[PDB]
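[1] PDB entry and its sequence, pasted below:
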Amino acid sequence: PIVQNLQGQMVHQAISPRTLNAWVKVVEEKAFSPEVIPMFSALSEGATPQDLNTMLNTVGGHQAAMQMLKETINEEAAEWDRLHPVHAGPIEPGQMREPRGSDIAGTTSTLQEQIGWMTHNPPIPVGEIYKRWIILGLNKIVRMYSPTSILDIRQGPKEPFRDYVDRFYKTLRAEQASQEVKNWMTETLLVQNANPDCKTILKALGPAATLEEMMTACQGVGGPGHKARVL
Amino acid sequence: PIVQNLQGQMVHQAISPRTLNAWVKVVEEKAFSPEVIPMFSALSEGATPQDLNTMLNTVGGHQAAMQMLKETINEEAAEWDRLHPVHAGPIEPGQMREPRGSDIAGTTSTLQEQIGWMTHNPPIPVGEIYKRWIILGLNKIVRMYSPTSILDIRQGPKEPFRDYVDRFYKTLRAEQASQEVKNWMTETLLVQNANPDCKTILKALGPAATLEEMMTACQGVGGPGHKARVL
Amino acid sequence: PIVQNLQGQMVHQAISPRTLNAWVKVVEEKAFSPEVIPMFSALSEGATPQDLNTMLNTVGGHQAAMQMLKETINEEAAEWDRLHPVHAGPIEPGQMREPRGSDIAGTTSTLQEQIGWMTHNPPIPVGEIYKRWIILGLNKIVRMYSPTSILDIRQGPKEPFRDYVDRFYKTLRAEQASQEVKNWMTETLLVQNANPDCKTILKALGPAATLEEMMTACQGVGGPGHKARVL
Amino acid sequence: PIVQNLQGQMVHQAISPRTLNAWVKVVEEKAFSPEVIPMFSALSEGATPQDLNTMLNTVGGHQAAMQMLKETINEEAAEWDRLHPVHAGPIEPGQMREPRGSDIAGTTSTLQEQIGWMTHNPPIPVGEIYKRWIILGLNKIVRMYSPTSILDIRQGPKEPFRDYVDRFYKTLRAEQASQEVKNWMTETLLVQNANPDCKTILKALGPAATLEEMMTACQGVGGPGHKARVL
Amino acid sequence: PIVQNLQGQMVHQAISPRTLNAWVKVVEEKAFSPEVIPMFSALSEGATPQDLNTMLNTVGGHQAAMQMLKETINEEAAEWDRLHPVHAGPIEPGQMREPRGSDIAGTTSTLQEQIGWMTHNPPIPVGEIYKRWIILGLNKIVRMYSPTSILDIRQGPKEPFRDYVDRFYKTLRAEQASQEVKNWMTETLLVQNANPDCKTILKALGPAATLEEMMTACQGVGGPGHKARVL
């Protein structure tokens, strides 16, 4: 890693086995999930492409996800190359050096080249660009693996509107859906299957109402096993 | 986070996984509940919008509550835009742009802009502003998922009067009656929701007696459960 | 509107009566439908804000919709003055006097001022800006009034798929639903309610089948697909 | 009508037969619908008193109504001579003569004088004055040809109530009422004739009740979205 | 559209609403016939993408055809993108960018861009290019709503030979066959699929018989040569 970038007095430190092992223990606990992404970002503060490759290659589990994440890196590298201006050929004093797709992912570029770009004025932030591609891959992996079905998170007929809301938002955890689609899913899977007295209020509130209003609603409505409206 | 933020010129220091690990552990142990709010306020000392978003993305669980909190910060951001509208045209060359609600939430803005606003004179303290919106959301979650009501509470059958006063005060901290009302509860409601063998003792003692005297009162009420707790 | 005989625009002249009738008649026969906006765009080329108000005033149908549309214009007019800083002190060198938000909607300034702004070089595009506010208002009305049932389409036993598709897309077009919802309508209705003889081909093309392949399917299959119409 | 040849330079043009067709049809075939006032305003844009008099006597239906229009013109022409000197002495050298009430209505004036006043500096907008007098005549006829009094309006048992509001606002275009009276109608007539779901919105909101709330209510009744309102 | 300029490069002319009214009327009656393509070409003379989009979205009927045009535009635009990679680096001083597939469709291109390409040196005729893509789509649509392919066109039991040949050519015109296929079909298929009693007569005049010779034969085949209307 490189520390004090944008702060003055930059220091290069070697990647620690302790940090790599701590990262693997985090991966063992949390797998590839929404909460692992800021932990990965925090661990990768001032990481070079070589440091990032070392972090990717130290993982033992979830190898199908790692190869698919590597495909996402390959697609981003191919895109990066595709939109890049024309770099000069094998010139006699040695090449000028501007990071191409495989340079960004550390494959064709050295640690000293990566340090060269990161210590430039203005900096060329090769580790940050690569880290964004890894995050884009992590979002892709989180969407690819689904925890629960839309079928089984449907609202209980006598139950209140609480736990099913958690399950619905766990189900759609990294999805990118529009507010109109999200409301239609909320209505179809939850509001439609709600108890009559609660449901009329939720239907009356409709799509452009707050979640807070929908949670606040349904006063004077009974529990699932209770035999009267009062609790 | 920012360092040299009291009587100085601030420097940005990168976020630690150790701080995040502590936050994740506090959320694991204590969920969102009254004692969490000052702990959150304390770790939000010297925090940027990026750091605050880093804390929000490390929560993991609590999906419906987090969605309501996200809407709450969006409502507060919309109020900030309504109060302080920003001009229709692009910014002039040579002029520093004005913070919008999205910029404060860190969804259309980056650290250098944020440092710029915090180094205005008088400054715009964007992390302090955003933290207050998040704290309102957390206080809203605590009210939504409150444990039992302060009116409805009763002294337990195996519960010492002292340990009841603590549980009543914990309940009150969730239920948040005003300071004048807390003083009224201390001399009134606290006595009235006690067990009836202790009610006579409290009336004879005088309901305005000091809290240490109260913590040393009604000893032996609560059968063998009292005797297995006062040792 | 503003016209000139040998190209360009200069002299203001009265709204043409065939054009005025054509505007009233498209609204009368089609109501608040997507095809009104392009016809309105063609008719209102070089119209003043006064002429645009004449168009809004002339239609005697749908007054409740007009009140909502007018209030939409009021939000935009208020917003325009709120996002452009108010000038005080002496008017600028060679400044003819800028349009305000209520001036743009023709409420508070003369036809002579409007002509002055529009015959300016390059033009100050007050009519073009005002019809955006009108189009936004119309789209809010189109949401209220355009939709029809797509569930309640009823076709004969051996009807051509191409003639069901024609009915389905006219119906789908009337719906203002977001694309994922429209895909759900397409999945649950169009390939499921279709004639058996063509339905086998739709299943053979597979559940991701594209429309050109679907419309080239089923040659000489079904009834005529052209009778019992224009009755 | 007058029409601009160059900016500030006007030539007379013959009246369009389209204008005559539209005017007679709105007056006679739509039997004094309140769209006559904006249609008259739109069609009379370049009109002179001679054009307006030609329009007045091309009507063959409703000759009692035409006499009421003529009487309204006679009364307003009398008012002009009440508020402007009837004797101005000998008219000034190189000045147009001051217009009497009869001159405004094209009775003692000629077309050359009418164009002369309207193209003067300061200009006298003689047609625009005469249009107001005609509009006052139209308004009384429109009230007389209004079929039913506003408080006596009724509904069917499965009315969505959107049309009742649409009819109520259209009715106020024919026979007007003050804002305080309309506020009273909003809390009386509308509350009585509304279905429970719409009525709850009216009862809660009072006179300033917002149309979008009631237009996003009453879905179970079977109105728009179940029945087509667009072709 | 853009029209001839006597003093320089061709100038904007606002879109005719008469052309829109004619275009919709043509689509209602003539859209499933090869008649539509020349009529569309005559109507769309000098049209920009904006003019073409205005024509396409004024059509609210025939939505299966409109969706088929849009599907064709997607397919054609993608083929244009395969033909032209997007340039990296800044645009040349005073120059304008190459158009991509979305630009041709009018989606990403301004009226100044559309006119700028069409007045370029050498000009890029983007309106004509978009119009041929629409024509390619219309050519699919006429065949899609044609009753079957030409190989299955056979002479009916009471159908005249001349009427069958007119129908055969109308169906062949919908199919759009290459010239030697049409010649072979005239020589062979037309004779082969004719009525058996007619077909022996067609054979008698040999395979060198002209269309004039062939339709000189076959009198007393099917119903009347000169029809009567039924009431």
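    Structure received. Numbers count the residues shown, from 1 in each chain, chains lettered A, B, ... in the order given.
[2] mind listing the helices for chain A?
    Per DSSP state H, chain A carries helices over the ranges A:17-30, A:36-43, A:49-58, A:63-82, A:101-104, A:111-118, A:126-144, A:163-171, A:179-189, A:196-205, A:211-216.
[3] what's the burial count for residue A:83?
    12 (other C-beta atoms under 10 Å in any protein chain shown). Any C-beta I mention is one placed from the backbone N, CA and C, and that applies to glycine too.
[4] What spatial separation is found between it and residue A:97?
    Residue A:83 sits at a distance of 18 Å from residue A:97 (criterion: C-beta to C-beta, to the nearest Å).
[5] Find the closest residue to chain E in chain A.
    residue A:85 (4.9 Å; C-beta to the nearest C-beta).
[6] doesn't residue E:89 make contact with that residue?
    Yes. Taking C-beta atoms under 8 Å as the definition, residue A:85 is a contact partner of residue E:89 at 5.0 Å.
[7] ok, now which ones touch the residue most central in space within chain A?
    By C-alpha atoms, centre = their mean, chain A has its centre lying nearest to residue A:139, at 3.9 Å. The contact partners of residue A:139, by C-beta atoms under 8 Å, 6 or more residues apart in numbering or on different chains, come to A:37, A:174.
[8] Look up how far residue A:69 lies from it.
    Distance, residue A:139 to residue A:69, by C-beta to C-beta: 10 Å.
[9] ok, now residue A:161?
    In terms of C-beta to C-beta, residue A:161 sits 37 Å off from residue A:69.
[10] Likewise for residue A:84?
    The value you get for residue A:84 to residue A:69, if C-beta to C-beta is used, is 22 Å.
[11] Repeat that for residue A:145.
    Using C-beta to C-beta, we find residue A:145 at a distance of 12 Å from residue A:69.
[12] Between the two, which is the more surrounded one?
    Legend: neighbour count by other C-beta under 10 Å for residue A:145 and residue A:69, higher for residue A:69 (21 against 15).
[13] isn't the more buried one right up against residue A:141?
    Yes. Between residue A:69 and residue A:141 there is a contact under C-beta under 8 Å: 6.1 Å.
[14] Can you point out the buried residues in stretch A:87-103?
    A:99-103 (16 or more other C-beta atoms under 10 Å in any protein chain shown).
[15] Any chance of a markdown table for the residues you listed, columns distance to residue A:56?
    Converted to a markdown table, the buried residues of stretch A:87-103 look like this (distance: C-beta to C-beta, whole Å):
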| residue | distance to residue A:56 |
| --- | --- |
| A:99 | 18 |
| A:100 | 19 |
| A:101 | 16 |
| A:102 | 15 |
| A:103 | 16 |
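[16] Spatially, which residue comes closest to whatever residue of chain A ends up closest to chain D, not counting chain neighbours?
    Ranked by C-beta to the nearest C-beta, the top residue of chain A for proximity to chain D is residue A:206, at 6.2 Å. Distances taken as C-beta to C-beta, 6 or more residues apart in numbering or on different chains put residue D:216 closest to residue A:206, at 6.2 Å, once the chain neighbours are dropped.
[17] ok, now residue A:173?
    residue A:34 is the one closest to residue A:173 (C-beta to C-beta, 6+ apart), at 5.9 Å.
[18] what's around that neighbour, how many residues?
    Neighbour number of residue A:34 under other C-beta under 10 Å is 17.
[19] What of the one 3 residues further on?
    The burial count assigned to residue A:37 is 20, neighbours taken as other C-beta under 10 Å.
[20] got it, and the one 5 residues further on?
    Summarising burial for residue A:42: neighbours were counted as other C-beta under 10 Å, giving 18.
[21] so who does it touch?
    Counting by C-beta under 8 Å, 6+ apart, residue A:42 touches B:15-17, B:20, B:54.
[22] you'd agree residue A:51 is up against residue A:15?
    Yes. If you go by C-beta under 8 Å, residue A:51 and residue A:15 touch, sitting 4.9 Å apart.
[23] what is in contact with the two at once?
    Shared contacts of residue A:51 and residue A:15 (C-beta under 8 Å, 6+ apart): residue A:1.
[24] Could you check which residue of chain A lies nearest chain C?
    residue A:180 (4.4 Å).
[25] which residue packs closest to that residue, ignoring adjacent ones?
    When the adjacent residues along the chain are set aside, residue A:180 lies closest to residue C:178, with 4.4 Å between them (C-beta to C-beta, 6+ apart).
[26] Tell me the residues on chain A that lie near chain B, please.
    A:3, A:6-7, A:22, A:33-35, A:37-39, A:41-43, A:45-46, A:162, A:165-170, A:210-212, A:215 (C-beta under 8 Å from any C-beta of the partner chain).
[27] Tell me how many other residues crowd residue A:71.
    Neighbours of residue A:71 under the rule other C-beta under 10 Å: 12.
[28] Sorry, slip of the keys, the one I care about is residue A:78.
    By other C-beta under 10 Å, the residues close to residue A:78 number 12.
[29] Which residue, other than its chain neighbours, is closest to it?
    Using C-beta to C-beta, 6+ apart, the nearest residue to residue A:78 is residue A:101, at 6.0 Å.
[30] Relative to residue A:108, how far out is the one you found?
    Using C-beta to C-beta, residue A:101 is found at 9 Å from residue A:108.
[31] Would you mind listing the buried residues in stretch A:52-63?
    A:52-56, A:59.
[32] and if you look at stretch A:152-162?
    Those would be A:153-155, A:159-161, for stretch A:152-162 by 16+ other C-beta under 10 Å.
[33] so how far is it off the chain centroid?
    Here the centre of stretch A:152-162 is set off from its chain's centre by 28 Å, with C-alpha atoms, centre = their mean, to the nearest Å.
[34] what's the straight distance from one end of it to the other?
    Terminal residues of stretch A:152-162 lie 15 Å apart, using C-alpha to C-alpha, to the nearest Å.
[35] So which residues make contact with it?
    With C-beta under 8 Å, 6+ apart as the criterion, stretch A:152-162 contacts A:164, A:167-168, A:170-171, A:189-195, A:198, A:202, A:214-215, A:218, A:221, A:223-225, B:64.
[36] contacting residues around residue A:190?
    A:154-155, A:161, A:164-165, A:168.
[37] let's see it at 7 Å
    Going by C-beta atoms under 7 Å, 6 or more residues apart in numbering or on different chains, residue A:190 touches A:155, A:161, A:164-165, A:168.
[38] Tell me which two of those sit farthest apart.
    A:161 and A:168 (10.1 Å; C-beta to C-beta).
[39] thinking residue A:24 is in contact with residue A:55, fair?
    No. In this structure, residue A:24 is not within contact of residue A:55 by C-beta atoms under 7 Å, at 9.4 Å.
[40] Find the nearest non-adjacent residue to residue A:153, please.
    residue A:167 (4.1 Å).
[41] likewise residue A:53?
    The spatial neighbour of residue A:53 that comes closest, neighbours along the chain excluded (C-beta to C-beta, 6+ apart), is residue A:106 at 4.7 Å.
[42] now that neighbour: how far from residue A:195?
    Distance from residue A:106 to residue A:195, by C-beta to C-beta: 57 Å.
[43] Show me which of those two is the more surrounded one.
    residue A:106 (23 against 19).
[44] dump the residue contacts of residue A:165.
    Contacts of residue A:165 by C-beta under 7 Å, 6+ apart are A:190, B:64.
[45] and residue A:48, what does it touch?
    Taking C-beta under 7 Å, 6+ apart as the definition, contacts of residue A:48 comprise A:1-2, A:111, A:114, A:127.
[46] if you set the cut-off to 10 Å instead, what comes out?
    Counting by C-beta atoms under 10 Å, 6 or more residues apart in numbering or on different chains, residue A:48 touches A:1-2, A:12, A:15, A:54, A:106, A:109, A:111, A:113-115, A:117-118, A:126-127, A:130.
[47] Just the buried ones among those, please.
    A:1-2, A:15, A:54, A:106, A:109, A:113-115, A:117-118, A:126-127, A:130.
[48] between those, which is closest to residue D:28?
    Within the buried ones among the contacts of residue A:48, the smallest distance to residue D:28 is 78.4 Å, found for residue A:130 (C-beta to C-beta).
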